[PDB]
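Remarks on the structure that follows.
There are 2 protein chains.
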Amino acid sequence: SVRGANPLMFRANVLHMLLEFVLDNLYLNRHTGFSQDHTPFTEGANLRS
Amino acid sequence: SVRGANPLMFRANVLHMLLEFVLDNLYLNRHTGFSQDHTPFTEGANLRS
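Chains as they are written, first to last, in the deposited numbering: chain A, 345 to 393; chain e, 345 to 393.
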């Protein structure tokens with residue numbers, strides 16, 4: 345069945361999915377500049393672009 | 345808008361305008377010649393041309 349799955353491998357497949365979810369979050373955030381606000385919604389705030 | 349100005353930039357605008365005023369007002373003063381008149385409402389004064 346395309347719409348079916350065996351309940352006896354739920355734990356194994358869920359924790360393999362957790363492994364891939366960790367391995368796709370292996371990066372470093374990079375500094376990408378800022379710009380001083382000109383509209384008065386947030387006074388003096390520097391927003392990342 | 346073509347007729348708009350940011351109210352957060354008013355002070356910088358006014359300071360730049362006063363700087364333009366002072367830099368426009370940097371001159372010396374010529375001694376041009378003057379001519380004596382004989383006016384019934386200004387007797388013998390030495391008015392300048």
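Don't be surprised by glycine CBs; every beta carbon is placed ideally from N, CA and C.
Can you give me the Cβ contacts of residue i inside the same chain, cut-off strictly under 6 Å, excluding the 5 residues immediately before and after it?
| i | result |
| --- | --- |
| A:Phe-378 | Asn-390, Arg-392 |
| e:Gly-348 | none |
Ends of the beta strand (DSSP E) at residue i?
| i | result |
| --- | --- |
| A:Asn-369 | It is not in any beta strand (DSSP E) - A:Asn-369 carries neither H nor E in the DSSP assignment. |
| A:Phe-378 | 378-380 |
| A:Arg-392 | 390-392 |
Under the assumption that residue i contacts residue j (Cβ atoms under 8 Å), give the Cβ distance between them as a whole number of angstroms.
| i | j | result |
| --- | --- | --- |
| A:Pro-384 | e:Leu-352 | 6 Å |
| e:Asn-350 | A:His-382 | 6 Å |
Below 7 Å CB to CB, which residues in the same chain sit around residue i once its five sequence neighbours on both sides are set aside?
| i | result |
| --- | --- |
| A:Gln-380 | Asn-390 |
Once you ignore the five residues that flank residue i on each side, which residues in its own chain have a CB closer than 8 Å to its CB?
| i | result |
| --- | --- |
| e:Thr-386 | none |
| A:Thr-376 | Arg-392, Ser-393 |
Interface residues of the segment 357-390 of chain A facing chain e [CB-CB below 7 Å]: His-382, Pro-384
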